Each structure stands twice: as structure tokens, then as C-alpha cells.
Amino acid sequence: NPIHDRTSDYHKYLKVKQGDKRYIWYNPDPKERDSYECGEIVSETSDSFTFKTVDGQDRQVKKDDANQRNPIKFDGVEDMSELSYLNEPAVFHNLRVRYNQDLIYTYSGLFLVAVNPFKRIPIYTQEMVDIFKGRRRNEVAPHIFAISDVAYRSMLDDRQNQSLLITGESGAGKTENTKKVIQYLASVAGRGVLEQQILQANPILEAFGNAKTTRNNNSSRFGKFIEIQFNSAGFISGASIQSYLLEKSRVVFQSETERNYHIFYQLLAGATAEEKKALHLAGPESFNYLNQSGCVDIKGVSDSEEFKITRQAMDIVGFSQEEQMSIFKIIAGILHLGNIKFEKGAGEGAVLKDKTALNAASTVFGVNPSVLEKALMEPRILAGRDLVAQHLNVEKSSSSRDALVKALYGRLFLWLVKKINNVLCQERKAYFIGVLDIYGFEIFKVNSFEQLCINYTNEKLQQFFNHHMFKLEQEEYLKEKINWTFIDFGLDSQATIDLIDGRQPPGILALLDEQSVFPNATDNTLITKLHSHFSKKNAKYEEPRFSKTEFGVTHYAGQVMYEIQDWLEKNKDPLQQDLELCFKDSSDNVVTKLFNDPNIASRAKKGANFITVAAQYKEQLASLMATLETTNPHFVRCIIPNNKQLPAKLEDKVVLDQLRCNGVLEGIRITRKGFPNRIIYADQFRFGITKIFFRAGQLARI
């Protein structure tokens, strides 16, 4: 048995190795508050300590300001709830002592904390999977597999659906830990053909949905909620996937050093000679949508080998050979569309001198090139009562072409997800475990509409955590008749949530919708309206001193400033009707579905027109939260060690910044209020029915 055998790989890679006066943490330099050393207390007054620094000098500190150091026997503890002192340096210290020993997982009350190693650690083999089967949390070391098993056993024992919510910043480890949860469940609860199809769905969605960014070589540019479905006996019976917030803008623009979606590079590197001539392909350097960032490859990645893996995955899930060729025709067609060069004609209207790129796109898509040309440059628009062809200039022709491209890619992604769900999903499941892998709360140099949607999502998810914690504590105090009072910290989030999504008074999204669905609005009328409603009037909003295009929201994790440019266009997401008509006539069996199937081609109906993008997202998030409220949740907080993608480099400011805003420091302290330590009679106070409660510090003195 590996857990009692001290020679096992389990002991080597997952445990602190087992063999056969007063101190504080202080800053040598007060201008670097996250850099600490150890000092020894040598005397005291009623309100201060005097201690010796590392170089042997005397310094004084107030007793209320002092960060006391825990007894050294606690350095490396598996759950930080055991520590006497929970100040900032003490919590960071325990996480660092563990990281120094390649121990990346640590508990902190309800949280599993996971620090990215940026190297391979051999703790995810089938042999490691087998160790965690049926073990309680306090019976085995911290691990993503441990919380997965606890969720599975709770499903079987309590007959209740479960969820695992995995969060953190870009590059922190959300997607890798999600993959390990699915791996674990497929093993412990699997047979099989179905199980392989669930696992093989992942490379398909990562090829079309992930890309290299400055923060992560395999960054997710969408969110996902994966439901693993089980029969009443506890075996896997199906799965379903929901997708959120795909970054369609990446198809047409990438910042310096980043890439487009992986699939474009996979097709160009991996296609055969026959496929290349049939699709009119060349290298990535010959396509505008791939030749502007200065990066066409990723270190350690072979795009041709990845193309094989993508095609094998498509075969296993069950896409036909004709379906696969049509998918690649759409990817090729998008590249050709990006090479169309609009130029100024005799007047202000655009012309197309060379027809090569237009004809190549038209051939692969199966559309009429003369019809497509007129739809791009001379679309018929309703002006008053007249339907009239309007000759667009170079800027507007190019923007319309970009709109076509983004619509083709977004609709293709939806179709891929729907086809996967057709294979995997069941009408009759008994129970489920859901895993959420979505963008974390983050602040960038520019935050726009998509980032507001992300940070709004995380505001609701943090409220959900705080309300859960409140209910657990309330249950235990009222089950012991201990008549002590405390507040639900979930209530503290409601002001920010209402500022964003409220109806009356109207919030930010409601005002955006009002400006979008009637005429005469601009980005200036929009920002002006937001300030009119909220500046010096809502305590969670700020109008800037100088900027005319930005506004501030006070979130749980701090203030974020957002910009307004293009929000009206983003909320409507327009595409010319003559372009819709052109592609509705396609001879291709997949393209025809992207334009003729209303479940893919259109958002939902609202009034005499359609719902906006913001209203669609509010509804999508509300549906997700309703599902989560029916489950028993589990929480994983992923932490990135530095901003250089390097191992063995745990940077004090990078990590402490995350701990101050990811809820770890605030949460572990909240459970010290009142009476944290409880123990049955057999094993400063208020008497209960079966246990002895005790305020902070009392049990440690005993």
C-alpha cells in the first residue's frame, strides 16, 4: 500500500518526507512590503515589541501591527486552517515551503490551492489515479484527484449532483486541472467507445478555440461548462458541453508575437499535395490573417503532428469524410477572403482589380463570385421605403468582409459543439458532475465589452462562494443551538451586480440596449448616458477626472476601468443581408446549415426584431447559475508563480497580489471569527448539544 510505504512515488512526489522564544516576519525595506525576513523578539512594553533584525540591530513595532511567525513544526502543513497565525507573510511562507518541495497542491479551508509548476511532475499516471479511490480528504495528500473523488463519493452517498469551479488568471492552470478531473472520472466511473469520444472532444475544441497569447502558449479563447452524466449505478452514460465568449476578433487581428487559432497553422502544415491544390493553399506567410503578428510557430509544438491528432479525434467522434472536407473548405475560404484587396476607384466607392482571391473563396465555399462581389461592395440597404444598392468605400467594404469572416467562424464553432453534443448527450441521465473552466477575474491595460462580461461573471461566482460558506456555518451553529450571530457576506456583492445587470434603476447593460435598438446613437452618446445615471450617484461607479471614453466599476477584487469604443456595433453584431442571401445559396452541405438553420444563423427573437448580444449573455449566465445552485460545489484556486512561464521561481509580489484578490486571505480569516475550533466532548465559549466551541487561539494554548 503506497500511502504507508515511505519508499513509494506517492511519498516522494506528494508528501513532506518523514524520517525515523518568539519570532516575527518584518520588511528590511518598508518600500517593498512583500519582501520579508525573520526577526527575534527580545523585550516588550504594554503596546509594542522590540526585536533583533538579521544584522543584529534593534527595531520596534506595535503589537497590533506585528506579523508573528508560526512554530517551525508547522512549516509544510497540508491545510492552512491548522496555523496559529494567518497574516500575509505566514500564508505565503507555508505555500512557498511546499512549492520548494514541488508540492503544488495545498488546502486552505474549503479551497484547493494549486500553484502552476511550469514543468512536468509525475503525479497523474494511472497508478496515481488508483491511490485516490475512496479516500477521505484528511486520509491522503492534497491533489486535484482527491477533490474529484470526494465529489464522486458525495454524488453516490448523498444522491446529489456536484460541481467543480476552477478559476485563476491567464496561464494559472485552469484548463490543465480541468483535463485531470475528466481523466479521473473517465477512469473511476468508465467501462469503452463513449468514454473515448468524451476525451477526444477536447482536441477538436482546442484546435478551433485556443491560441498562443503573450501569457499562455495554449490560451483558451472561450469558456466551457462540461456536464459528465451518470446512470444510477454510478457509470458514465453521456456528456454535454456549453461554450461561452469565443473571441471571434482573433480571426482577423492578432497583437505582436501572438497567433490566430491553432487550426489555421495545422491545416497549412498538415494537408496533402492533393488537398493543397484542391483548396488553393500556400504557406502562412502568403495570408494577411496569419502574416502580421510576426509569429507563425510555437516552441515545442509541431502543427503537422497536431493536425493528425485533430483528424483522428474527428474520426473517433464520427464526422464523415465529406463533413471533414467541408470544414477545411470553410477554414481555407476564410483565409482567401482575408486576401481580397479593396482599392479606391474613380469616385469614393471601392473596386476589385484582381479577382484571384475572390474566385478562390467562391470555389471552395460553393457560392457565385459575381453575387459575392456585389454583396461586399454594393449591398442593398433599406433607406426610407427604397431598397437601394449603396456603393461602399474601401474602409466599409473591408469591415463588411471582416464581419463575414467572424460570422463564418463563430457559426462553424457553434455547429462543431452541436455535432459533438449530438453524439455524446443523453435525454435520460440520473445524476451529473459539472466542471467549469472559464476566464478568471483580470485587469488589463485596456478592458472592453468582453472583459466587462468576464468580470461580471466572476462577481456572480464569488457571491456564490460566499453564500455557500454562510449557509454551511449557519447550519452548524443552529444544529448546536449556540445563539451567536454573523452576516452573510454574499449580500456585499449585490450593489456591484445591480450596477451592471439591473432593470430598475437601469444598469449598464440596460442602458447599452436602449442606445442600441433605436437610431441616432454613438459611442459618445452612450458614455454620456452612463455618467448621467451613475457619476456621484452610485457608490460603486466612477467618472474619470479627464478621459472621455472610460468609466470605473468597484468589483470585489478592486476597481476596473473600462472603455466604450465600438460597444454599439458589438451589441448588434451586424452582417449585410445580401451576404446572408449569397451564402444561403451555397452548394456545400455544411455552409448551407450555417446560414439556413435558425438555431445557428440567428440569435433569439425579441419584439419585431432580435435579442442583443448583451441580453443573450445575461440569459446564458443566468442559466449557468441556476444549474450551479442545484449542486454541491467544490472550489479550486489556481495561482501563477511569475509572469515569465518559468519553473522554480515563486515571486513574492506576483503571488501575494493574487492572494489579496482571489479570496484566499479574506476567506481563511473569516472562519476565525466567533468560535472556529469545534470538537466532540469525548474527543470564550457557548454550550452546545454535542460539542465544545472555542474562540481563536484557545485550543493552541492547551
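Residue numbers here begin at 1 and follow the sequence given.
- Coordinates are given for every deposited residue between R603 and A604; the gap count there is zero.
- Looking at 535-543 and 74-82 together, the entry lists the larger mean B-factor for 74-82, computed on C-alpha atoms.
- In this crystal structure, the stretch out of 510-518 and 627-635 whose C-alpha atoms carry the higher mean B factor is 510-518.
- For the set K649, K673, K644, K653, the maximum C-alpha B-factor listed in the entry falls on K673.
- Taking the PDB entry at face value, the top CA B factor among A389, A622, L436, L575 belongs to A389.
- Sort the chain's modelled residues by C-alpha temperature factor and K479 lands in the highest third, per the entry.
- Among the modelled residues of its chain, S320 has a C-alpha B-factor that falls in the highest third according to the deposited record.
- Among the modelled residues of its chain, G502 has a C-alpha B-factor that falls in the lowest third according to the deposited record.
- Remark: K418 belongs to the middle third of its chain, ranked by C-alpha B-factor as recorded.
- Among the modelled residues of its chain, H11 has a C-alpha B-factor that falls in the middle third, as given in the PDB entry.
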